[PDB]
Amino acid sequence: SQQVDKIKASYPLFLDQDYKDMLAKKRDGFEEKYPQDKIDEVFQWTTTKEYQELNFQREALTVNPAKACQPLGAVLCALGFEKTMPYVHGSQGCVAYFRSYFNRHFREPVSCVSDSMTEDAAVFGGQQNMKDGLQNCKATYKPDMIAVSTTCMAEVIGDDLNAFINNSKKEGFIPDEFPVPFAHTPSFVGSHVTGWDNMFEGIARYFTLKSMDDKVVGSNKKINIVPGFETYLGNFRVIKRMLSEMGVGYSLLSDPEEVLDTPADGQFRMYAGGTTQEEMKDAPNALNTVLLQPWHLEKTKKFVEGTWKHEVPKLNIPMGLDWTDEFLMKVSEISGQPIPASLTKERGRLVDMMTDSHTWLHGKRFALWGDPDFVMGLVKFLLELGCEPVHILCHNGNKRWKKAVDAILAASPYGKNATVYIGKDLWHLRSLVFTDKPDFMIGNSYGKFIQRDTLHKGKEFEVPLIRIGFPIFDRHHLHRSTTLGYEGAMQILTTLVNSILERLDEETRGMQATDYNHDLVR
């Protein structure tokens, strides 16, 4: 029943006695449910070190992964160029999923097309799909460029994207000069980040390779910045802000921050901002190219060095105090621009926040996950804060990365309790936060189910989630935040000290019980 002035949604409606009875009748009468005591027994068993031993021996089963597939990244790369349509050659189900996954994180339109390969194409190839697909998209959606990617179907049947695009130009489906860069992005090799790298390499090769004979490294006097898979608007924005502050000429190659944040003013804008084709053509003429997230940009590095002849600096992701410092000094070096007074002040205001908050941050234990570059920067910054990154998980990380992070850990007293896990997933991490309980997890929204599991063992075992990463679906607008630069470090510090203090206030809110320590001032 409903009372029309206090209508109840599913929670708390189904807590009403009649619903509670009906659901009890349903299980007892028809579900043949395992008895609660057996359930409790198995739940306690899944928190043990024994379950953990067995869990970590898995070879074939993956449960709750912390990565997605290559074309998801390829679409995000494509979206950063001026008026281009991401196009994924293969089965359409994939595009409906890529679009929805980013729609949920940015709360924005995400435009992308498929060329709907069906059963028949699986036997005869998808050539006609490319032909009609390109023509239809160019006519209906009017992009200045189409960036072609691939689904696993089109990968397994081995469709030569290059031949098909050339044959579509040959047959007059799209004009010969229309930009159609491509990349093969197989979901069974690496992850979403690899798709971003493959796609960017594809686009850079397309505007540059057969034009190198007139490019003079340095004549436009700019530095190129390649962001990598990036899902925080504040990160694209802070890198541009810092370089403009230094008077440094730059080219942010693949910049989606306008299309991922259009105004609600009475009209929908399908395309907005982005890197222009002219910037991509001129990008050899830059002094150098900096890769903001180098561990998933290896193919782009090989291409920028090998063909553009740029000596890509050995820079880590500009996350935390030290690595934002190194970034700024290398930019200074390359451009001959001095690091301005404003950035020196900003650096010191971050250092000031560190001195003010260090007592609550000291020795706090964290479990965390995400993409390789994001994770290593968060590890670095946690060590700088005097915290312990005890469980560092990166499902899609590789052996050399793992070595680089264990090195960073070995260089600090605060790394002594930490272990790096590559190829492991969130059900693996679930074990680790029960058997070697940290204080908090820093992760994406899938972490909420691990927090729910720890709370079921009991309040003293609950490990709270701090949502930093991708995807964040159960909170609004956190995609606007920053994790890079001194700005991003200020935001992360504030979020960590205040998660600690909120949790401390929840534990000391017991009247006459724990509220002796429920301090007004902290």
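In this text, residue numbers run from 1 along the sequence as written.
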As stated in the PDB record, which stretch has the larger average Cα B-factor, 440 to 448 or 144 to 152? 144 to 152
Segment of higher mean CA temperature factor, 204 to 212 or 417 to 425: 204 to 212
Taking the values straight from the PDB record, which of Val226, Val312, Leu350, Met85 has the highest C-alpha temperature factor? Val312
Which is it among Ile334, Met376, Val193, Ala264: the one with the largest CA B-factor in the entry? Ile334
Can you tell me whether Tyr97 has a C-alpha B-factor in the lowest, middle or highest third compared with the other modelled residues of the same chain? lowest
Consider only the C-alpha atoms of the modelled residues in this chain, order them by B-factor as the entry records it, and name the third containing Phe470: lowest, middle or highest. lowest
Sorting the chain's modelled residues by C-alpha B-factor, tell me whether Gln512 ends up in the lowest, middle or highest third. highest
CA B-factor placement of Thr276, once the chain's modelled residues are sorted into thirds: highest
So, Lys8's CA B-factor, relative to its chain, sits in which third? The middle
